[PDB]
Each structure stands twice: as C-alpha cells, then as structure tokens.
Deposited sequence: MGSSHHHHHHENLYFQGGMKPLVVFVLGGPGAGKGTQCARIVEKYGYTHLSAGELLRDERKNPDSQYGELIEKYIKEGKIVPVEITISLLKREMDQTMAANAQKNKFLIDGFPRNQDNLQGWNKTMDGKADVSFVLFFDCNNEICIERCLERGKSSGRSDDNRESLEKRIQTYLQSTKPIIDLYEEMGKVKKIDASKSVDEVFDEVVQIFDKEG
C-alpha cells in the first residue's frame, strides 16, 4: 500500500486533459490537478491552508510549493484511506520547475514512487490553435506563445532528469485523440 505517481507534462493545448480522463477510465488512476487543488483550497471556507494562502496573496508573494506538495499528499492519503486499492495517481500542473521537483523528491522520499513521466510533445503552433479554438468555441496568440515557451524552458531540466532515470515516456501529441491514446495504452498496458 505505497502510492504510485505519474507526472503528466506538456504545455497548454498538448492534449493532457483528454488523455488523463481516458487513463482514469481505463486504468483506475486518480487524476490530481495541482492548479485546481490550490484554487479550491484558496476559495473553500476554513480550508486547511486557505488563510495561509491569503497571507502570501496579501504580501504579493509566490505560494510556496510546500503547500502544493501537502495538498497532493493529502489527496493521495484520503483516496487510499477511503480505498486501499486506489494507489495510482496521475498528477498534472506539477512539477512546474526543477526547484518544485526537488521539493517533491526531498519531502515525499519514502511516501510515493514516481513510476514514470508522460511528456505530451508537439510543435507550439498545434498547441496554440487548440487553445485558441477552445477559447473561440467557448488568451491571444502572443500570450499562449509566451506561456508555451516559458513552460518548455521551465520543464526541460525535469525532462532531462527523468531521461537520466530512464523514466520519460515521450508522446507525439500532434496526432488525433485516438492515436495519442493508442500510444498511451502501449505505455500503460506495459508498466501502468
């Protein structure tokens, strides 16, 4: 009964959301979205970390990663307490940079194993248009272009580190939802 974690990496528009939902359905992973857990903790009344988060906001300071790690760990402990068999976790929105990942490795050593990392990779333009189309059918180009470049700059040392561990599963995210999922099923049927 030790939690297994798969970090999902890729810029905005890389098809993370649709593949995560498919992995949850087929393999019974629990999907954790670090960005969502932080926003809910910030809003929810008398949340564990709501008033701490507001200190940082009032100060104009970054919310420390230690809070994000604590939220991810709490979600994993509650999932497994409620059902000892749901030991598999898909985490997106984390880690964003190598300092975040170092905080994870230092704090969660002996509490969780990172099985592998999914890297949804395709050219900037496909990612930019998916985000624009999504926005249209419900950011401008130059905002998305900037977020995609800073994200890939930020996560390159994370990718490099997991390559050295042999733990990167690179996906061609340029393909259609069903072809990307076929690549995902190959990885998850193998290790999973």
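Taken in order along the deposited sequence, the stretches absent from the coordinates are 1-18, 157-160.
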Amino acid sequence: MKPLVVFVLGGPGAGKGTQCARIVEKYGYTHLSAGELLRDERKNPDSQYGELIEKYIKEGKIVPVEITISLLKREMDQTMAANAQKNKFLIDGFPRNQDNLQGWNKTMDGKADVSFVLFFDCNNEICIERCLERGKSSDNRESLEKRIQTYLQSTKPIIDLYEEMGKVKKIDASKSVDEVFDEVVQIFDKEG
From here on, numbers count along this sequence of modelled residues.
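Taking the PDB entry as given, 53-61 carries the higher mean Cα B factor of the two stretches 66-74 and 53-61. Looking at 139-147 and 31-39 together, the entry lists the larger mean B-factor for 139-147, computed on C-alpha atoms.
Residue-level inspection of the entry shows that, of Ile91, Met80, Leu118, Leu101, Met80 has the top Cα B-factor. Among all modelled residues in its chain, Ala173 ranks in the middle third by Cα B-factor. Annotation for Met1: C-alpha temperature factor in the highest third relative to the rest of the modelled chain, per the entry. Compared with the other modelled residues of the chain, the Cα B-factor recorded for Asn97 ranks in the lowest third.
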